[PDB]
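Trainee: build me a structure from this.
(one chain, ligands or ions: 1)
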Amino acid sequence: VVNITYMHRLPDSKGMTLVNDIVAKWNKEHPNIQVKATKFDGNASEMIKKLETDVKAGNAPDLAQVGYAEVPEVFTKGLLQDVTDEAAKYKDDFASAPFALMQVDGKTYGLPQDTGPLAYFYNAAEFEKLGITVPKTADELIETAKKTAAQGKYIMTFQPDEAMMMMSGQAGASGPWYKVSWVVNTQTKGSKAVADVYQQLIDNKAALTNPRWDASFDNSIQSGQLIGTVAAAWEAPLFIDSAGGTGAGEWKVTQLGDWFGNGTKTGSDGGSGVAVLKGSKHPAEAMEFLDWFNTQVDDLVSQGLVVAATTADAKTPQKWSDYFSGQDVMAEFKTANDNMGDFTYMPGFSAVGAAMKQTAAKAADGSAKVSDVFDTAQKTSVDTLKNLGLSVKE
Ligand SMILES: CC(=O)N[C@H]1[C@H](O[C@H]2[C@@H](O)[C@@H](CO)O[C@@H](O[C@H]3[C@H](O)[C@@H](O)[C@H](O)O[C@@H]3CO)[C@@H]2O)O[C@H](CO)[C@@H](O)[C@@H]1O[C@@H]1O[C@H](CO)[C@H](O)[C@H](O)[C@H]1O
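Mentor: Numbering: from 1, shown residues only. Please see the structure below:
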């Protein structure tokens, strides 16, 4: 018997199809390839560091969730095992764009699992009650956000603890920060647009500045104070659970608007693959399981995933459609995915993220400017690449 270990950070929230129950199906079918999946016991940003100490000690799993934005980091630290020939067998099960983000220099290190396009969640019933529409332009966004804020209702958030992806995603919808020497410019037209829009919203107290993962964010939904936010597609079931029933049958999803010089494009906020790590003695069996696991479309959608698999179209779960006004929100998430700008990540992006969070907390409380978050991103980007002894231009 070949024994495969898979470490994931999928939510496994009550009501979801739990990873262990999906893996149980494979294990009954495949006596000779027995998989143990475990949910990483930590916050998402601690997982790569735990994989790094596991590889050093030799208690690394065969498979591990790795964000596409983490692939360059774990590649450069030598944690990944080349499984190019295994991946080629499964390539035709997966969308080309996310499959390519599991590759470095024409070698493949795993299979893509999901994408994280940004979209816009809103209470459509409350918009109708307030006599507003989803704003088409940045000027309409700011005007309408002031109009709801004047009734104690908020249509935007600025999430200091999600600076890394909310700021890079909204800004990155209109162009890259990083071009590969590395050429670094986090102060693009898109960065300036996002800084300008969020600075107006914060200055006019027309966005909520609660951290995404704090109780204050949840209380903002449940109280009916929060009636619109940019959101990564995978937040859908997490948002519903955070709502505490508030908004049930009233919410909808639409595309990120043309607010940041992005037109009909959106940005990337997470999205992950599963990598084969250094040390796996059974990469063929690991990748055969992984291809199966990542093509269990309905099971993976239940965890909030906008699946990378092309084998079967993703449907909206009944509970999500119940919450979102009967809307097929997954159809919106697929459109958003199709419209998501390419956005190369540098190795060490997570250190950039860490410094952006601290600046963003100051932007929220008014002791910094939102534009300072993108200056932080520039300095930390260049310093991180120099410290990895990489050639940088700025
Ligand atoms: C990109 C990503 O992995 N997103 C995660 C999300 O991760 C952020 C949160 O853990 C917040 C909590 O404060 O921290 C962010 O890390 C900061 C950290 O706060 C700082 O202290 C540190 O110094 O800097 C880092 C940045 O380097 C994390 O980035 O957490 C959520 C909630 O657990 C995850 O859902 C999300 O990952 C997505 O999960 C989906 C399943 O729910 C999918 O698997 C998707 O592909 C993931 O991207």
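
Trainee: the ligand contacts on the chain?
Mentor: 10-11, 43-45, 67, 114, 116, 161, 164-165, 213, 234, 270-272, 304, 350, 353-354, 357 (C-beta under 6 Å from any ligand atom). Quick note: C-beta positions are derived from backbone N, CA and C, even for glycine.

Trainee: distance of the residue sitting nearest the centre point of the chain relative to residue 43?
Mentor: Note on the chain: the residue nearest the mean C-alpha position is residue 270, at 2.3 Å, using C-alpha atoms, centre = their mean. Using C-beta to C-beta, to the nearest Å, residue 270 is found at 13 Å from residue 43.

Trainee: repeat that for residue 391.
Mentor: On the measure of C-beta to C-beta, residue 391 and residue 43 end up 33 Å apart.

Trainee: surely residue 135 is in contact with residue 254?
Mentor: No. The criterion here is C-beta atoms under 8 Å, and residue 135 misses it with residue 254 at 10.6 Å.

Trainee: pick out whichever of these two has more residues nearby.
Mentor: Legend: neighbour count by other C-beta atoms under 10 Å for residue 135 and residue 254, higher for residue 135 (21 against 17).

Trainee: now the more buried one: closest residue in space that isn't a chain neighbour?
Mentor: residue 141 (4.1 Å; C-beta to C-beta, 6 or more residues apart in numbering).

Trainee: hmm, the one you found is touching residue 259, no?
Mentor: Yes. With contacts counted by C-beta under 8 Å, residue 141 reaches residue 259, the gap being 5.1 Å.

Trainee: for those two, list the residues in contact with both.
Mentor: Taking C-beta atoms under 8 Å, 6 or more residues apart in numbering as the contact criterion, the common neighbours of residue 141 and residue 259 are 135, 197.

Trainee: how about the residue in the stretch 251-394 of the chain that the ligand sits nearest to, secondary structure?
Mentor: Distance from the ligand to each residue of the stretch 251-394 of the chain (C-beta to the nearest ligand atom) is smallest for residue 270, at 2.1 Å. Secondary structure, DSSP: H, G, I helix; E, B strand; the rest coil: residue 270 is coil.

Trainee: and if you look at residue 151?
Mentor: On the basis of three-state DSSP, residue 151 is classed as coil.

Trainee: quick one: neighbours of it, just the number.
Mentor: 12.

Trainee: hmm, residue 131 and it touching each other?
Mentor: No. Using C-beta under 8 Å as the test, residue 151 is too far from residue 131 to be in contact (10.5 Å).

Trainee: assumed residue 73 was part of a helix.
Mentor: Yes. The assignment for residue 73 is a helix, going by three-state DSSP.

Trainee: list the contacts for it?
Mentor: Residue 73 is in contact with 48, 347-350, counting by C-beta under 8 Å, 6+ apart.

Trainee: could I get the residues you listed as CSV with neighbour count and secondary structure?
Mentor: Shown next, in CSV, are the contacts of residue 73 (neighbours: other C-beta atoms under 10 Å; DSSP: H, G, I helix; E, B strand; the rest coil):
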residue, neighbour count, secondary structure
48, 18, helix
347, 21, coil
348, 21, coil
349, 26, helix
350, 17, helix
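
Trainee: pick the one among the residues you listed closest to residue 4.
Mentor: Set against residue 4, the nearest of these by C-beta to C-beta is residue 48 (20.3 Å).

Trainee: before we move on, the earlier item: excluding chain neighbours, give the residue nearest to the residue of the stretch 251-394 of the chain closest to the ligand in space.
Mentor: Residue 270 sits nearest to residue 116 (C-beta to C-beta, 6+ apart), 3.8 Å away.

Trainee: so what does the one you found have for phi and psi?
Mentor: phi -120, psi 60 (degrees, to the nearest 10).

Trainee: can you count the residues close to it?
Mentor: Residue 116 has 27 nearby residues by other C-beta under 10 Å.

Trainee: surely it meets residue 273?
Mentor: No. Counting by C-beta under 8 Å, residue 116 does not reach residue 273; the two are 11.7 Å apart.

Trainee: since that was my last question, I'll sign off now.
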